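Novice: Right, I'll just put the structure down here and ask away after.
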Number of protein chains: 2
Amino acid sequence: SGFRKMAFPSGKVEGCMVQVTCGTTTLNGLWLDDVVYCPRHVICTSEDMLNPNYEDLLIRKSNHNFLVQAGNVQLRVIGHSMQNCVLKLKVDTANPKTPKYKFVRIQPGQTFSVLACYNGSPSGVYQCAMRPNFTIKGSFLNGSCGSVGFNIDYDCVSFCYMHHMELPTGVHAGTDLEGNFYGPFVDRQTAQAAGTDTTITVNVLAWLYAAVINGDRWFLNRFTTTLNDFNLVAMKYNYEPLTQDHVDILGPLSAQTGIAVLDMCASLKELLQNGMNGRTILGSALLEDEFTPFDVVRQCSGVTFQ
Amino acid sequence: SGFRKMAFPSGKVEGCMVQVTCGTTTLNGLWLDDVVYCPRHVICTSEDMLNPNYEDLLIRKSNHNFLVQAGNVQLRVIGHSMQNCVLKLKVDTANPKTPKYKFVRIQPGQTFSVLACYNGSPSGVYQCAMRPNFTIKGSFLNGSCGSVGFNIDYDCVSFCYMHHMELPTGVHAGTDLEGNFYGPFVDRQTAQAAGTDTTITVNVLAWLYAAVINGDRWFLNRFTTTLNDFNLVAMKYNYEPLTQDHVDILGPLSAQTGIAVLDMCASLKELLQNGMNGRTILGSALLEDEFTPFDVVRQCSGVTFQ
Ligand SMILES: CC(C)NC(=O)c1ccc(C#Cc2ccncc2)cn1
Ligand SMILES: CC(C)NC(=O)c1ccc(C#Cc2ccncc2)cn1
Ligand SMILES: [Cl-]
């Protein structure tokens, strides 16, 4: 029993982390096969970040300008190219620790594990969610750019996030491994503000199912509701609209616990209108929305990865 | 910026996890050098756990009774012995992935990263704290026993916890890697209840310093207090007494932020007496006490591990 914010095992990703240095800028890169992926702002200085022209800046860069280091061994760069907002540094040595992997662009609401790095060395691992406004609430300091977010299913590492920027409000923005930013953010130090931080309704419901599975049932009520009526309350409290797809996705949890999805919605409705009354749910005094129905099932069933 | 519950990189520990099977019982073991460590209740059935005599049960066990498996390769056991509540299965092959490591018995209030496993395969990683009542609030299901808690400093893995039991209240109990239980718990399915779950005061203060560092300052007040007067309030709310040692340990954070430790105590006092008033601190609606002063400094400074 017990429910905890749980990241995937990071061993497979640790072995792909390298340090990329371009001039006076150092950040982390992802070494898969014979290619190193890193944020393209590695080629920028601090003054360049206000208004960079990346195509022009890259003209002054050759293969030997990109210093790639793994441990105390230095990778030979035999080619480089810019794809959207990442650079692909072709090296001459295939990473012997390349795991089975994919590049996946996640949707808002999905979760992933972040391996925060500095100078190509791992610092820690934590669980994140792509917010509806396409930011993430991470823990990143100077030099963390290049750190990746990922998921693991059995033996395949699905890379979905690369860290790029920290917005003036403290939240974080990045790209997929193809260099396309999540949301409307650019790799420029300009005025770009995050939108409304809506709550992932389907994830709160999955987390409430996990609470029931683990003994916390005080929040269960005697009411039910309809998707439309509940969504009227969700709008008021800045909750993402619940769709029939979300209901179907919660089916497995509904069956295991015997609590209809709309019954749980009515319980959530009361919590949004009346609060927690100083109580807690799975050790939290607020409604957690960074557990997917997939995460709850996986943690509550003991899925492993080899 | 941003502060997140952060576990150490688990790659070094993943490579030491094996599966130990004894009869019909399977659990995880820690393979360091040519020795495998696992909970001694692996030799027990479900009916044996009510009142086991481990010395007698082990007489019916030989080396070949202990099935140790790493991946799809099976370790040859050439010796076995019982140390407190763990078994040491001497194998004939030194783990080629043995990291630099130590066995450390942590004190209540200290934190560590847990690598939850099942059948010797990692499932996830999360951060835990040894509670003052010597339990931990983890996420463990059947077959997780053997999963270890650890810390990492640069290249040395300090193993401090091995999972053993889940108490009827949902919290978890285990031993150090020498087989001595934390607290008064035994590896018996008997009536043993956890004590008062006191709050780790020094950790709440470190977490409040981390909030200030990251922009959350609404809780800062105009008052100060003395260690004695604050402890009068700490007793009321079941908070561990704050000692001069705790003050000295918070020194580095006090210097970086310019907020005297006793000033922060007075701010905590108001929070305990008046609550949060529906506000949040670093995304939490309650006072977090599973960050040590050491964790805050490490995450806020970007310490890495190689
Ligand atoms: C205008 C001038 C003063 N610029 C600076 O000095 C400057 C700009 C940006 C950053 C940064 C960063 C970061 C990125 C991702 N995650 C965490 C942190 C540091 N320093
Ligand atoms: C009396 C009889 C019904 N016993 C059982 O079936 C029985 C006892 C104990 C467990 C367990 C466990 C566990 C340990 C550590 N972490 C998580 C879970 C499962 N099953
Ligand atoms: Cl909370």
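Letters for chains follow the order of the structure tokens (A, B, ...), residue numbers begin at 1 for each chain, and ligand numbers begin at 1 in the order shown.
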Within 10 Å of residue 266 in chain A, counting only C-alpha atoms, which residues qualify if same-chain residues fewer than 6 places away don't, as a ChimeraX atom specification?

Specialist: /A:220-227,229-230,272

Novice: Would you give me, as a PyMOL selection string, the residues of chain B that come within 7 Å of chain A, using only C-alpha atoms?

Specialist: chain B and resi 1-11+14+118+121-126+138-141+170+285-286+302-306

Novice: Here is a test: counting only C-alpha atoms, which residue of B:236, B:202, B:273, B:35 is nearest to residue 253 in chain B?

Specialist: B:202

Novice: What's the 10 Å shell around range 173-175 of chain B, counting only C-alpha atoms, without same-chain residues fewer than 6 positions away, as a PyMOL selection string?

Specialist: chain B and resi 39+84-86+105+130+134-138+145-149+160-167+181-187+194

Novice: Using the selection just defined, write its residues with C-alpha atoms as a tab-separated table (two decimals), in the first residue's frame.

Specialist:
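Result file follows (selection_10.tsv):
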chain	number	residue	atom	x	y	z
B	39	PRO	CA	15.26	-10.08	4.09
B	84	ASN	CA	20.13	-10.06	12.49
B	85	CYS	CA	17.15	-9.91	10.12
B	86	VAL	CA	18.95	-10.25	6.77
B	105	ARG	CA	22.47	3.50	9.74
B	130	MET	CA	13.02	8.01	8.30
B	134	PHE	CA	11.11	4.87	12.81
B	135	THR	CA	8.58	4.08	10.09
B	136	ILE	CA	8.63	5.35	6.51
B	137	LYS	CA	5.74	6.46	4.29
B	138	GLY	CA	6.62	4.56	1.13
B	145	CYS	CA	10.71	-6.56	0.22
B	146	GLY	CA	14.42	-6.37	-0.53
B	147	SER	CA	14.04	-2.96	-2.14
B	148	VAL	CA	16.68	-0.68	-0.65
B	149	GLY	CA	16.93	2.96	0.31
B	160	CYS	CA	20.76	2.72	4.62
B	161	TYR	CA	17.41	0.89	4.29
B	162	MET	CA	16.05	-2.49	3.24
B	163	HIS	CA	12.28	-2.94	3.03
B	164	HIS	CA	10.73	-5.69	5.14
B	165	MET	CA	7.17	-5.18	6.41
B	166	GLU	CA	3.99	-3.17	5.89
B	167	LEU	CA	2.19	-2.35	9.13
B	181	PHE	CA	15.35	-2.97	12.29
B	182	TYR	CA	14.73	0.75	12.52
B	183	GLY	CA	12.58	1.23	15.61
B	184	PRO	CA	11.09	-1.58	17.69
B	185	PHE	CA	9.61	-3.51	14.77
B	186	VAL	CA	10.21	-7.23	14.21
B	187	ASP	CA	9.84	-9.41	11.05
B	194	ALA	CA	3.57	2.79	15.14

Novice: Pick out each residue of range 32-187 of chain B that DSSP on the backbone tags as helix (DSSP H, G or I); I need them as a PyMOL selection string.

Specialist: chain B and resi 40-43+48-50+54-59+63-65

Novice: Create the file for the chosen residues now, containing C-alpha atoms and written as an mmCIF file, in the first residue's frame.

Specialist:
data_model
loop_
_atom_site.group_PDB
_atom_site.id
_atom_site.type_symbol
_atom_site.label_atom_id
_atom_site.label_comp_id
_atom_site.auth_asym_id
_atom_site.auth_seq_id
_atom_site.Cartn_x
_atom_site.Cartn_y
_atom_site.Cartn_z
ATOM 1 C CA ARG B 40 15.430 -13.278 6.096
ATOM 2 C CA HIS B 41 11.659 -13.802 5.855
ATOM 3 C CA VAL B 42 12.291 -15.068 2.309
ATOM 4 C CA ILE B 43 12.600 -18.468 4.015
ATOM 5 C CA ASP B 48 5.143 -19.082 9.086
ATOM 6 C CA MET B 49 5.057 -15.294 9.467
ATOM 7 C CA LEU B 50 2.737 -15.326 12.502
ATOM 8 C CA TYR B 54 14.209 -18.239 12.002
ATOM 9 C CA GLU B 55 17.106 -20.285 13.382
ATOM 10 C CA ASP B 56 15.054 -23.482 13.090
ATOM 11 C CA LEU B 57 13.594 -22.626 9.681
ATOM 12 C CA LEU B 58 17.084 -21.998 8.284
ATOM 13 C CA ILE B 59 18.258 -25.478 9.311
ATOM 14 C CA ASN B 63 22.920 -23.176 -0.393
ATOM 15 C CA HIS B 64 21.075 -24.650 -3.382
ATOM 16 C CA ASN B 65 17.692 -23.823 -1.789
#

Novice: Would you list the contacts of residue 257 in chain B as a ChimeraX atom specification, taking every protein, DNA or RNA residue within 10 Å and counting only C-alpha atoms, but skipping same-chain residues closer than 5 positions in sequence?

Specialist: /B:209-210,212-213,252

Novice: Any idea what's packed within 8 Å of range 269-271 of chain A, counting only C-alpha atoms, ignoring anything in its chain fewer than 5 positions away? Could you give it as a ChimeraX atom specification?

Specialist: /A:219,230,233-234,276

Novice: If we count only C-alpha atoms and set the cut-off at 10 Å, which residues sit around residue 89 in chain A, ignoring sequence neighbours fewer than 2 positions away in its own chain? Please answer as a PyMOL selection string.

Specialist: chain A and resi 20+29-31+34-38+63+66-68+76-82+86-87+91-92

Novice: Using N, CA and C atoms, can you write the selected residues to a file as a short mmCIF file (atom, residue, chain, number, x, y, z; two decimals), in the first residue's frame?

Specialist:
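What ended up in again.cif:
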data_model
loop_
_atom_site.label_atom_id
_atom_site.label_comp_id
_atom_site.auth_asym_id
_atom_site.auth_seq_id
_atom_site.Cartn_x
_atom_site.Cartn_y
_atom_site.Cartn_z
N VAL A 20 28.06 19.12 -23.39
CA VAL A 20 28.32 19.82 -24.64
C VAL A 20 28.76 21.24 -24.31
N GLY A 29 23.82 17.12 -23.11
CA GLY A 29 23.37 16.55 -24.35
C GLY A 29 22.99 15.09 -24.17
N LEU A 30 22.17 14.61 -25.09
CA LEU A 30 21.67 13.24 -25.08
C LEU A 30 22.36 12.45 -26.18
N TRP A 31 23.14 11.45 -25.78
CA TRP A 31 23.99 10.68 -26.70
C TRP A 31 23.29 9.36 -27.00
N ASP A 34 25.05 7.32 -32.68
CA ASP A 34 26.19 8.17 -32.98
C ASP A 34 25.76 9.63 -33.18
N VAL A 35 24.78 10.07 -32.40
CA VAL A 35 24.27 11.43 -32.48
C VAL A 35 24.09 11.97 -31.07
N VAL A 36 24.45 13.24 -30.88
CA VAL A 36 24.24 13.95 -29.62
C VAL A 36 23.22 15.05 -29.85
N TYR A 37 22.18 15.07 -29.03
CA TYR A 37 21.12 16.07 -29.11
C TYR A 37 21.27 17.06 -27.96
N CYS A 38 21.14 18.34 -28.26
CA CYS A 38 21.27 19.38 -27.25
C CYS A 38 20.50 20.61 -27.69
N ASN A 63 32.50 21.71 -36.83
CA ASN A 63 32.40 20.50 -36.03
C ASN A 63 33.27 20.59 -34.78
N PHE A 66 32.23 22.27 -31.34
CA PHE A 66 31.32 21.60 -30.41
C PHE A 66 32.13 20.58 -29.61
N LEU A 67 32.33 20.86 -28.33
CA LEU A 67 33.10 19.99 -27.45
C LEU A 67 32.12 19.09 -26.69
N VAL A 68 32.16 17.80 -27.01
CA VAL A 68 31.29 16.80 -26.39
C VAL A 68 32.15 15.90 -25.51
N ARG A 76 34.40 12.65 -30.69
CA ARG A 76 34.80 13.30 -31.93
C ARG A 76 33.56 13.60 -32.75
N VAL A 77 33.35 14.88 -33.06
CA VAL A 77 32.18 15.32 -33.81
C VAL A 77 32.55 15.37 -35.28
N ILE A 78 31.82 14.60 -36.10
CA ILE A 78 32.09 14.50 -37.52
C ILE A 78 30.98 15.15 -38.35
N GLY A 79 30.03 15.81 -37.71
CA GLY A 79 28.96 16.46 -38.44
C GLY A 79 27.98 17.08 -37.46
N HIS A 80 27.26 18.09 -37.96
CA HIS A 80 26.30 18.81 -37.14
C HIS A 80 25.23 19.42 -38.03
N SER A 81 24.03 19.54 -37.48
CA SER A 81 22.90 20.12 -38.20
C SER A 81 21.87 20.59 -37.18
N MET A 82 21.09 21.58 -37.58
CA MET A 82 20.06 22.18 -36.74
C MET A 82 18.69 21.70 -37.19
N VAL A 86 16.84 22.20 -31.74
CA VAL A 86 17.91 21.36 -31.21
C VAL A 86 18.99 21.21 -32.27
N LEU A 87 20.19 20.89 -31.81
CA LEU A 87 21.31 20.55 -32.68
C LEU A 87 21.57 19.06 -32.60
N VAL A 91 28.60 12.12 -34.03
CA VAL A 91 29.90 11.72 -33.53
C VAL A 91 30.33 10.44 -34.25
N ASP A 92 31.57 10.03 -34.00
CA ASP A 92 32.15 8.87 -34.66
C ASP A 92 32.07 7.60 -33.82
#

Novice: Which of range 9-235 of chain B counts as strand (DSSP E) under DSSP, as a PyMOL selection string please?

Specialist: chain B and resi 17-22+25-32+35-39+66-70+73-75+77-83+86-91+100-103+111-118+121-129+148-153+156-166+172-175

Novice: Write the residues you've just listed into a file as a PDB file, in the first residue's frame, and include C-alpha atoms for each of them.

Specialist:
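Result went into out-v3.pdb, see below:
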ATOM      1  CA  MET B  17      19.186  -5.658  -7.823  1.00  0.00           C
ATOM      2  CA  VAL B  18      18.581  -9.404  -8.149  1.00  0.00           C
ATOM      3  CA  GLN B  19      15.686 -11.788  -7.512  1.00  0.00           C
ATOM      4  CA  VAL B  20      15.912 -14.215  -4.586  1.00  0.00           C
ATOM      5  CA  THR B  21      13.548 -17.199  -4.464  1.00  0.00           C
ATOM      6  CA  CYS B  22      13.315 -19.607  -1.515  1.00  0.00           C
ATOM      7  CA  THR B  25       8.614 -16.985  -1.728  1.00  0.00           C
ATOM      8  CA  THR B  26      10.255 -14.512  -4.111  1.00  0.00           C
ATOM      9  CA  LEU B  27      11.655 -11.100  -3.164  1.00  0.00           C
ATOM     10  CA  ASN B  28      14.508  -8.781  -4.146  1.00  0.00           C
ATOM     11  CA  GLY B  29      18.142  -8.911  -3.106  1.00  0.00           C
ATOM     12  CA  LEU B  30      21.097  -6.536  -3.201  1.00  0.00           C
ATOM     13  CA  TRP B  31      24.115  -7.967  -5.047  1.00  0.00           C
ATOM     14  CA  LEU B  32      27.304  -6.251  -3.860  1.00  0.00           C
ATOM     15  CA  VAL B  35      27.342 -11.341  -1.542  1.00  0.00           C
ATOM     16  CA  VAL B  36      23.566 -11.016  -1.935  1.00  0.00           C
ATOM     17  CA  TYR B  37      21.600  -9.331   0.860  1.00  0.00           C
ATOM     18  CA  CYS B  38      17.884  -9.982   1.323  1.00  0.00           C
ATOM     19  CA  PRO B  39      15.256 -10.080   4.086  1.00  0.00           C
ATOM     20  CA  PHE B  66      18.386 -20.088  -2.374  1.00  0.00           C
ATOM     21  CA  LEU B  67      17.678 -19.270  -6.027  1.00  0.00           C
ATOM     22  CA  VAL B  68      19.371 -15.999  -7.013  1.00  0.00           C
ATOM     23  CA  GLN B  69      18.689 -14.634 -10.500  1.00  0.00           C
ATOM     24  CA  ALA B  70      20.058 -11.526 -12.231  1.00  0.00           C
ATOM     25  CA  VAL B  73      21.467 -15.525 -15.583  1.00  0.00           C
ATOM     26  CA  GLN B  74      21.449 -17.461 -12.313  1.00  0.00           C
ATOM     27  CA  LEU B  75      23.966 -16.902  -9.550  1.00  0.00           C
ATOM     28  CA  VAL B  77      25.360 -19.662  -4.060  1.00  0.00           C
ATOM     29  CA  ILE B  78      28.417 -21.051  -2.263  1.00  0.00           C
ATOM     30  CA  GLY B  79      27.503 -19.994   1.272  1.00  0.00           C
ATOM     31  CA  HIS B  80      24.856 -18.372   3.417  1.00  0.00           C
ATOM     32  CA  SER B  81      24.524 -16.897   6.894  1.00  0.00           C
ATOM     33  CA  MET B  82      21.983 -14.939   8.929  1.00  0.00           C
ATOM     34  CA  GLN B  83      22.919 -11.531  10.356  1.00  0.00           C
ATOM     35  CA  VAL B  86      18.951 -10.251   6.770  1.00  0.00           C
ATOM     36  CA  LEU B  87      20.556 -13.184   4.983  1.00  0.00           C
ATOM     37  CA  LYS B  88      23.984 -12.920   3.340  1.00  0.00           C
ATOM     38  CA  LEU B  89      24.120 -15.297   0.362  1.00  0.00           C
ATOM     39  CA  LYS B  90      27.739 -15.680  -0.724  1.00  0.00           C
ATOM     40  CA  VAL B  91      27.874 -16.235  -4.486  1.00  0.00           C
ATOM     41  CA  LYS B 100      31.592   2.247  -4.419  1.00  0.00           C
ATOM     42  CA  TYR B 101      29.285   1.794  -1.423  1.00  0.00           C
ATOM     43  CA  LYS B 102      28.909   1.940   2.340  1.00  0.00           C
ATOM     44  CA  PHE B 103      26.450   0.595   4.910  1.00  0.00           C
ATOM     45  CA  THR B 111      16.130  11.304   3.946  1.00  0.00           C
ATOM     46  CA  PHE B 112      17.008   8.741   1.291  1.00  0.00           C
ATOM     47  CA  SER B 113      15.930   7.537  -2.146  1.00  0.00           C
ATOM     48  CA  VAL B 114      13.977   4.282  -2.484  1.00  0.00           C
ATOM     49  CA  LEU B 115      14.203   2.055  -5.570  1.00  0.00           C
ATOM     50  CA  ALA B 116      11.022  -0.028  -5.466  1.00  0.00           C
ATOM     51  CA  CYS B 117      11.539  -3.405  -7.135  1.00  0.00           C
ATOM     52  CA  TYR B 118       9.547  -6.547  -7.904  1.00  0.00           C
ATOM     53  CA  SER B 121      13.417  -5.592 -11.520  1.00  0.00           C
ATOM     54  CA  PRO B 122      13.172  -1.848 -10.799  1.00  0.00           C
ATOM     55  CA  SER B 123       9.695  -0.314 -10.836  1.00  0.00           C
ATOM     56  CA  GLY B 124      10.301   3.290  -9.759  1.00  0.00           C
ATOM     57  CA  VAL B 125      12.210   5.677  -7.520  1.00  0.00           C
ATOM     58  CA  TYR B 126      11.008   8.162  -4.906  1.00  0.00           C
ATOM     59  CA  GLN B 127      12.289  10.117  -1.911  1.00  0.00           C
ATOM     60  CA  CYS B 128      11.594   9.007   1.656  1.00  0.00           C
ATOM     61  CA  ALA B 129      12.415  10.104   5.195  1.00  0.00           C
ATOM     62  CA  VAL B 148      16.679  -0.683  -0.653  1.00  0.00           C
ATOM     63  CA  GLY B 149      16.933   2.964   0.315  1.00  0.00           C
ATOM     64  CA  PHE B 150      20.167   4.797  -0.343  1.00  0.00           C
ATOM     65  CA  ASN B 151      22.025   8.083  -0.591  1.00  0.00           C
ATOM     66  CA  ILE B 152      24.743   9.071  -3.066  1.00  0.00           C
ATOM     67  CA  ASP B 153      27.636  11.500  -2.550  1.00  0.00           C
ATOM     68  CA  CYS B 156      29.695   6.449  -3.270  1.00  0.00           C
ATOM     69  CA  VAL B 157      26.315   4.801  -2.677  1.00  0.00           C
ATOM     70  CA  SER B 158      25.444   4.823   1.036  1.00  0.00           C
ATOM     71  CA  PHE B 159      22.892   2.048   1.552  1.00  0.00           C
ATOM     72  CA  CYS B 160      20.756   2.722   4.621  1.00  0.00           C
ATOM     73  CA  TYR B 161      17.414   0.894   4.291  1.00  0.00           C
ATOM     74  CA  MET B 162      16.049  -2.489   3.239  1.00  0.00           C
ATOM     75  CA  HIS B 163      12.275  -2.943   3.033  1.00  0.00           C
ATOM     76  CA  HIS B 164      10.727  -5.690   5.142  1.00  0.00           C
ATOM     77  CA  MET B 165       7.169  -5.184   6.410  1.00  0.00           C
ATOM     78  CA  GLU B 166       3.992  -3.171   5.886  1.00  0.00           C
ATOM     79  CA  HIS B 172       6.387   0.691   6.265  1.00  0.00           C
ATOM     80  CA  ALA B 173       9.198  -0.733   8.383  1.00  0.00           C
ATOM     81  CA  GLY B 174      12.608  -2.112   7.543  1.00  0.00           C
ATOM     82  CA  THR B 175      16.221  -2.567   8.547  1.00  0.00           C
TER      83      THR B 175
END

Novice: Restricting the calculation to only C-alpha atoms and all ligand atoms, which member of B:190, B:131, B:176, B:216 is positioned closest to ligand 2?

Specialist: B:190
